[PDB]
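Q: one piece of my complex first, more on the way:
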Amino acid sequence: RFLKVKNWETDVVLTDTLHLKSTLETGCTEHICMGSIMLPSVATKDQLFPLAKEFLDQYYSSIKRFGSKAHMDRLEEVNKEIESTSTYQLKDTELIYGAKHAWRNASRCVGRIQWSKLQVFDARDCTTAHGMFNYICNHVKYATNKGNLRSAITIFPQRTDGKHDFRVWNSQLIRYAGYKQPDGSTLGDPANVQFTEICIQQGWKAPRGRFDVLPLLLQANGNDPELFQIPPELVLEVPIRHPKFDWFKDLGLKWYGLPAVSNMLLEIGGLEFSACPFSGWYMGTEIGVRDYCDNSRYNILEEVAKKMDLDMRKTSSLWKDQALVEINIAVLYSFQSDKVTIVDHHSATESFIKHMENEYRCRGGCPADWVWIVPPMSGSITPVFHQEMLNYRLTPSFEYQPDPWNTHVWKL
């Protein structure tokens, strides 16, 4: 019940007790493990006070006033307000705590050593999509900080009945457009083709190129969403060059500096924040491995092998591997020379081992998803490959949610 995890590179063993406080279900059973399944699987008052109480007991245990009068009266207060409204409202201090701990609990995030340095932007007074555009722009400008990136989250009003939802329809605040072609191939980013089409359906006029930043599709209070274009001066981009290969520029590649996930759901004390865009800084491999070399993404291993002069007829020449390293040396090199914050997969995985140590020490554990923590290249030469990890679901949490254009009781 009080399980051990080993590192098979350093022989370090650590004991996990945190998993006892785990609440939600993982998808695994005693007879089947779903640890590699990507997405395994309205609320009433009777369900809502337990979740409220559990969250408040840990918040007040955190500020070292567990059981004081201020705790007891807040308990009473929220119970009464859930009696009164069949929902409730978080204190500002509770929102910041809940948001910081949703990140802390995010078992798929290798970056969590930073979890206590999160800037929280309270957007619960927002009422319109223009208001959301304005809040989001302020978030982008703050988090970018001239390339000295800063972690931030903006939190729009919580779900009420369920038909009044605030939603950012984009999967990230800043993504490149995806257009198919007459010849069937694809320009830009194939991941976003169905989303790019929706933007044009709502009247986006597309500069049908490669690295065309997409417009925001913001839905406020369950209303049909509206398009807004981020001031291009606010979208910071890094041109990608190699520190040896001068033909690299002719590839004409760039990426955006701000990774900002906008499609997930923030759960705190039982309340559900359906729009909660959050940003940090990139680990290089997200760009250089997945974005650039996934077969169903930009898929550029072809032309980097070509302009490197490689044995491309033989699978066993490892020409794919060798081009993959050069691409990631360049992504890193270009961000660094521009003073735009980026972390390499060696530094980031070392920090997560160090973070894990602190979590077992002063928290009794750290939920971690090995399938997602291990980088998507050079896995075993980073220390997280050799680190056993336990995955379990703690709350506050970030959860997946359906794409809104499948939920929306649209009125057009």
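A: All right, it came through fine. Numbers count the residues shown, from 1 in each chain, chains lettered A, B, ... in the order given.
Q: Residue A:348 sits in which helix or strand?
A: helix A:345-362 (DSSP states H and E).
Q: can you list contacts of the next helix or strand after that helix?
A: As assigned by DSSP H and E, the chain's next helix or strand after helix A:345-362 is helix A:370-373. The contact list for helix A:370-373 (C-beta atoms under 8 Å, 6 or more residues apart in numbering) reads A:35-36, A:107-108, A:110, A:349, A:352, A:384, A:387-389, A:391. Yep, even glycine has a C-beta here, placed from its N, CA and C like the rest.
Q: So the residue nearest to residue A:160 when sequence neighbours are not counted, which state does it fall into?
A: Closest residue to residue A:160 apart from its sequence neighbours, by C-beta to C-beta, 6 or more residues apart in numbering: residue A:87 at 6.9 Å. Following DSSP: H, G, I helix; E, B strand; the rest coil, residue A:87 is assigned to coil.
Q: Show me chain A divided up by domain.
A: A:16-124+A:151-161+A:265-279+A:349-373, A:125-150+A:165-236+A:400-404, A:237-259+A:282-347 (curated CATH domains).
Q: From the opening residue of the last one to its closing one, how far?
A: This points to domain A:237-259+A:282-347. 23 Å (C-alpha to C-alpha, to the nearest Å).
Q: most distant residue from the middle of chain A?
A: residue A:313 (37.8 Å; C-alpha atoms, centre = their mean).
Q: you'd agree it is in a helix?
A: No: membership of residue A:313 in a helix is not supported by three-state DSSP, which gives coil.
Q: Could you pull up phi and psi at it?
A: With angles defined as degrees, to the nearest 10, residue A:313 sits at phi -80, psi -30.
Q: just residue A:6 next, same as before
A: Torsion angles, degrees, to the nearest 10, at residue A:6: phi -110, psi 150.
Q: so it bridges to which residues?
A: Going by DSSP bridges, residue A:6 is paired in beta bridges with residue A:13.
Q: Hmm, residue A:12 and it touching each other?
A: Yes: judged on C-beta atoms under 8 Å, residue A:6 makes contact with residue A:12 at a distance of 7.3 Å.
Q: Name the SS class of residue A:383, please.
A: Under three-state DSSP, residue A:383 comes out as coil.
Q: Find the nearest non-adjacent residue to it, please.
A: Of all residues not flanking residue A:383 in the chain, residue A:353 sits nearest, at 5.0 Å (C-beta to C-beta, 6+ apart).
Q: likewise residue A:346?
A: Spatial nearest neighbour of residue A:346, chain neighbours left out: residue A:382 (5.9 Å); criterion: C-beta to C-beta, 6+ apart.
Q: so how far is residue A:231 from the residue nearest to the spatial centre of chain A?
A: For chain A, residue A:261 is the residue whose C-alpha lies nearest the centre (C-alpha atoms, centre = their mean; 4.5 Å). Separation of residue A:261 from residue A:231 (C-beta to C-beta, to the nearest Å) stands at 21 Å.
Q: Quick check: the gap between residue A:3 and residue A:180.
A: 49 Å.
Q: An error on my part: the question was meant for residue A:20.
A: 50 Å.
Q: How are the strands of the stretch 51-200 of chain A distributed by residue range?
A: A:119-122, A:152-155, A:167-168, A:178-180, A:186-188 (DSSP state E, counting those that start in this stretch).
Q: so can I have a markdown table of these showing mean neighbour count and distance to residue A:243?
A: Below are the strands of the stretch 51-200 of chain A laid out as a markdown table (neighbours: other C-beta atoms under 10 Å; distance: least, C-beta to C-beta, whole Å):
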| stretch | mean neighbour count | distance to residue A:243 |
| --- | --- | --- |
| strand A:119-122 | 16 | 33 |
| strand A:152-155 | 26 | 31 |
| strand A:167-168 | 26 | 36 |
| strand A:178-180 | 18 | 30 |
| strand A:186-188 | 19 | 27 |
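Q: Chain B comes next; put it on the structure above:
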Amino acid sequence: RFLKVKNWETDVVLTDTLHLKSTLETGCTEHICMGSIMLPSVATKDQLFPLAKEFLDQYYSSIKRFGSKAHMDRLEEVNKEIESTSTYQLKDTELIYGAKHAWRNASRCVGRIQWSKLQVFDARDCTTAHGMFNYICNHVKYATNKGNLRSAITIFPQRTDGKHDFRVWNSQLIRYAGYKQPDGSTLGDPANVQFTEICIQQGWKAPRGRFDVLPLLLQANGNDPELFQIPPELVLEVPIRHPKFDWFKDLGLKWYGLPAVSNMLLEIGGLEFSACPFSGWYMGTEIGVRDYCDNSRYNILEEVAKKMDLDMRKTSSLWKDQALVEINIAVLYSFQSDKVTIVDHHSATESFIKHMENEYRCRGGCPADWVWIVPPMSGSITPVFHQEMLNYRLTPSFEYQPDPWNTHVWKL
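A: Just below you will find chain B, in place on the chains above:
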């Protein structure tokens, strides 16, 4: 109950029903996933006939005589023999079926497309360690086949009381010695230092070098084990050279061509074969990534970076990654030019996707351990990264077992 697994590169979905026949427990619960834990965790007659019956019902269902008289009388026969002896003996046909399906069921093995082409060597008449040495030598010579490697397993007598166990004490039939140093560092293979010491404790005279093949430590019928040296003409080795870098030879590296795991336990119909050495052929990354570049193994990334002239002061120069690719191009190149069978991680992972397809088609599923199937470099540019997999325990199976020098009621 009848679960689906998706490939997020090709959008292919396949339905798993095989997991229903799963029997053993995984280590996961509804509230915690142990999919990254390496080793999660005598027999009576009452337990033994169910296992015997379950195995026989699938064997006879396999040869398309489910429920015939030959099935019914074999059922009766084995029941009577477990009444008589409180154990039983497999038919030759049943041993070959059981061994081929233990491999088929091995969820951590990416090579299983070959599972039906296994040569089974029945060594259940063996009574002495010399006999084991002789059986093992015949296995090594057959499986090597002049570099045209052939899959094989040799099966020594099954466990009886438990104090009469046949055991190969080495973890692989062919491993390099591991000696520490006065200055604390290590020559050879640090993985094997405690085993190499045991060999010297039993009187092995060590050529204290790097690539010194270790002697066999064979235990027969629960007796104290004995040392035997494999005729060096039978240990095929590949000298590792690079197809571009001529300084590669000066590194003076070689590896053995035959991967042959000797420390696991083969379970069939409830019977336990504690010595069952089995061999195939290498996937390059086992040598070039893990054996050579694991920090606690040969750990040669240092000198390959050095003789490549690389930016070794900066973690973010990806000098480790870039040296790692060249090492694996060389491992492959050297094996191929010597006509010694080897598979690259791209070909082997493609074949396992194809194998998975056949298993869902004609078997209803394929148990697979993602954490182990994904190669330890370049993970996401191989198709198994993007393939969801279900892990569950089917029998016949290969299981881990304690190291014998911790179990053995030694009489010296």
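Q: and the contacts of helix A:370-373, now that chain B is part of it?
A: Applying C-beta atoms under 8 Å, 6 or more residues apart in numbering or on different chains, the contact partners of helix A:370-373 are A:35-36, A:107-108, A:110, A:349, A:352, A:384, A:387-389, A:391, B:35-36, B:370-371.
Q: Then stretch A:299-315?
A: Residues outside stretch A:299-315 that contact it (C-beta under 8 Å, 6+ apart) are A:245, A:247, A:250-251, A:253, A:292-293, A:317, A:319-320, A:322-324, A:326-327, B:344, B:346-347, B:381.
Q: Same check on stretch A:334-354?
A: By C-beta under 8 Å, 6+ apart, stretch A:334-354 touches A:7, A:110-113, A:146-149, A:236, A:238-241, A:257, A:281-285, A:331-332, A:368, A:373-375, A:377-378, A:381-384, A:387, B:315-316, B:318, B:320.
Q: Helices of chain A, start to end?
A: Assigned by DSSP state H, the helices in chain A fall at A:45-62, A:69-85, A:92-104, A:129-144, A:193-201, A:284-285, A:292-293, A:301-306, A:319-337, A:345-362, A:370-373, A:404-407.
Q: Buried deepest among those helices, which one?
A: Each of those was scored by mean neighbour count; the highest is helix A:284-285, a mean of 27, by mean count of other C-beta atoms under 10 Å in any protein chain shown.
Q: list the contacts for the closest residue to residue A:366 other than its chain neighbours?
A: Spatially, and ignoring its direct neighbours in sequence, residue A:366 is nearest to residue A:359 (3.5 Å; C-beta to C-beta, 6 or more residues apart in numbering or on different chains). With contact set as C-beta under 8 Å, 6+ apart, residue A:359 has these partners: A:18, A:365-366.
Q: List only buried entries from the residues you listed.
A: Buried by 16 or more other C-beta atoms under 10 Å in any protein chain shown: A:18, A:365-366, out of the contacts of residue A:359.
Q: quick one: contacts for the closest residue to chain B within the stretch 51-200 of chain A?
A: With C-beta to the nearest C-beta, the shortest gap between the stretch 51-200 of chain A and chain B falls at residue A:107, namely 9.3 Å. Applying C-beta under 8 Å, 6+ apart, we find residue A:107 in contact with A:367-369, A:372, A:391-393.
Q: 10 Å instead, please
A: Counting by C-beta atoms under 10 Å, 6 or more residues apart in numbering or on different chains, residue A:107 touches A:26, A:366-370, A:372-373, A:389-394, A:397, B:33.
Q: how far away is it from residue B:361?
A: For residue A:107, the distance to residue B:361 - C-beta to C-beta - is 34 Å.
Q: Over to residue A:347?
A: 44 Å.
Q: So residue A:57 versus residue A:359, what's the distance?
A: Counting by C-beta to C-beta, the gap from residue A:57 to residue A:359 is 20 Å.
Q: To clarify, my last question referred to residue A:209.
A: 44 Å.
Q: Identify the residues contacting the nearest residue to residue A:163 once chain neighbours are set aside.
A: Distance criterion C-beta to C-beta, 6+ apart; nearest residue to residue A:163, sequence neighbours excluded, is residue A:222 at 5.0 Å. Contacts for residue A:222 (C-beta under 10 Å, 6+ apart) come out as A:159-167, A:274, A:408-409, A:411.
Q: again, only this time at 7 Å
A: Going by C-beta atoms under 7 Å, 6 or more residues apart in numbering or on different chains, residue A:222 touches A:163-165.
Q: Would you mind listing what in the stretch 201-350 of chain A touches chain B?
A: A:289-290, A:293-296, A:301, A:315-318, A:320-322, A:324-325, A:328-329, A:332, A:344, A:346-347 (C-beta under 7 Å from any C-beta of the partner chain).
Q: go with 6 Å
A: By C-beta under 6 Å from any C-beta of the partner chain, the residues of the stretch 201-350 of chain A that approach chain B are A:289, A:293, A:295-296, A:315-316, A:318, A:320-322, A:325, A:328-329, A:332, A:344, A:346-347.
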